[PDB]
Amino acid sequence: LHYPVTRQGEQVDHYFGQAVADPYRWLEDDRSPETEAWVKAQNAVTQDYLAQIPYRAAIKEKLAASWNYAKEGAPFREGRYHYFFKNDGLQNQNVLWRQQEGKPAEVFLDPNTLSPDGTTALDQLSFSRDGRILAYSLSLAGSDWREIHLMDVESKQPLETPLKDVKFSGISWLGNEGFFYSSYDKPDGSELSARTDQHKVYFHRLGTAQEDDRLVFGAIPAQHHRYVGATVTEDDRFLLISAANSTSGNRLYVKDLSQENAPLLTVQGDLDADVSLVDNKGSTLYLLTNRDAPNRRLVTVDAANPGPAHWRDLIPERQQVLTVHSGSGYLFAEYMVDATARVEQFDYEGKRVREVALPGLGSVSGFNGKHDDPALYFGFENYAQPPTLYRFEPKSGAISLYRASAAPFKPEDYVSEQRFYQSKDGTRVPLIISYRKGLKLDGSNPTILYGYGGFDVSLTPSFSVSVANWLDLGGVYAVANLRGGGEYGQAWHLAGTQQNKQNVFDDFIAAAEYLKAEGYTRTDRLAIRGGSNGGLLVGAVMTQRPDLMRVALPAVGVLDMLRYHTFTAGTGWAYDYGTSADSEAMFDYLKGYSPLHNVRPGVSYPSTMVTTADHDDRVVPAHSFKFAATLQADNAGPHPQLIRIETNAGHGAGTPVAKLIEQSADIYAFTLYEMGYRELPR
């Protein structure tokens, strides 16, 4: 093996009188020659280790082959054209097609033509009210930064020069005059690591330069927020601006566009609850909120006096988490029943029309359309059921199959069961276990336990070609709905935030134990996977309980819990993690589980494959660099401690299919090989 030598510096930070050594501090410099050479050496050693796995190629071959099938999205009208995304099978990026009556479908926007390896991706797309102008945002090399392009839809040629410095932004048109978007300002230093916290809302008027765009919110001191958004209602009557400093909680403002220079009225002036616009009807706004409702509710209020004390329930809170979509003149309430979906159709007066029956137990998507759409589309899927499209007739409730999946996976071939286990403190936690029919609970099944746990994020049934290939190889895939998540409302989330964070790691640990106790797998056949916050999860569990698994796979994880907040928009996660500068108690708690600071010399850690990317500006790469250098430094047993740095890729969204395939191939090969397999399972 032999890892690349990683020099240790003399950096020492102090937190409330406590001194902490950070020898790999130089690795935080993403622009230095030393770091670049380091990444290269590391990738080199990883590829050389992987090259030793005989069936690596067979696995990649299998993945690419099963991934290679036609995929198509649901159609949407704009002018005399219906638009729709498609993928011939292995196109690095989905292509947007369009078709008009009496003519063959045509390619409209093909992202693949923008980059050699398809690393440029299309994020947001917003047509002008009349559908003649299209504004759409592109991501370069997987970064959170964006450029908004403007195309004349008819000729498909550029209208104006692209807007720059956009980030975490929507695109919401005010009729056909122009649109609102959000921007920060290029920071001095690397735009892939330097802190940004004064998000701003701008209005770009068509036929003007970007330097002349009016600043709508975020410039004066009283409006300084880390995250701002803007949405103009479908009927162009109200502008809704949201402002937040963290990923949970936001202020909300409304401006009556039907009047000349109307002032901003406060819908919510504190950060004590999340509140978002769904739609309006006349002067009434329809808002989804968790204020005084842990599982959320839909309320209405007259926009001329929108304060929270004036909100009135339209869809009262229930025992299950509520999310609302609108379309065709109806509100569609989606509820979460133990991580699976249920849908109810309501009219704008809060009267329940009917309960919409779904294909099975899994996740639904869709039920989003304009007031005037005569039909709505929804998707259904789960761990063993590839994405299926349905067309919904709103008035009668008629449902018909729009697109059956072309994936080479028979759903009847698998089992995806839900179990509930208990954590250290007694809490009952849900676990969905998927695998190919005919498995035997003899504790020998190669298993991958997946978890996230935080940020009110819910892990609902989701289909993946990678996971389906793992099930085919005979593996088990288990997803735990850990606290910290949003599965059971705000309380579930908060039971996993700040100084309660350890509850999340305890739930994951207890899930691992349940899987062995129930006979699905055993320690040397167990791997744990997690990304971002789920990366912290893997990092925390492997350092606290290195005896628990055989393989650990932390992806783009937050590993230095003491400095995380000093990068990009990490501070935006203070609500969930708290920071080392909050108080000595918070510092101590963070230091107490921070993965980077809990790796210890002499400990035998599992075989690990830390994965990250050179353009991840959500979670700077330095987190994984330092974690990996420390493991290579401190590990004592025989297990490899490797890191795989993806090139020209970011946090995740928009990654080319070719890269996703290579990634999974590397991870599945490494995992089975580290579990001792010399030939593919069977």
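The first residue of the shown sequence is 1; numbering continues from there.
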Check: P446 without coordinates in a third or more of other entries: no
Other entries lacking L140, at least a third: no
Higher-B stretch (mean Cα B-factor, as the entry records it), 465 to 473 or 318 to 326: 465 to 473
Comparing 330 to 338 with 406 to 414, the one whose average Cα B-factor in the PDB entry is higher: 406 to 414
Residue with highest C-alpha B-factor in the PDB entry, from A636, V619, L27, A613: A636
Given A629, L642, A44, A70, the residue at which the Cα B factor reaches its maximum: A44
Lowest, middle or highest third - CA B-factor, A64: middle
Assigned third (lowest, middle, highest) for the C-alpha B factor of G438: highest
Modelled-residue ranking by C-alpha temperature factor, third containing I171: middle
Assigned third (lowest, middle, highest) for the C-alpha B factor of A58: lowest
Third assignment of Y377 from its chain's C-alpha B-factors: middle
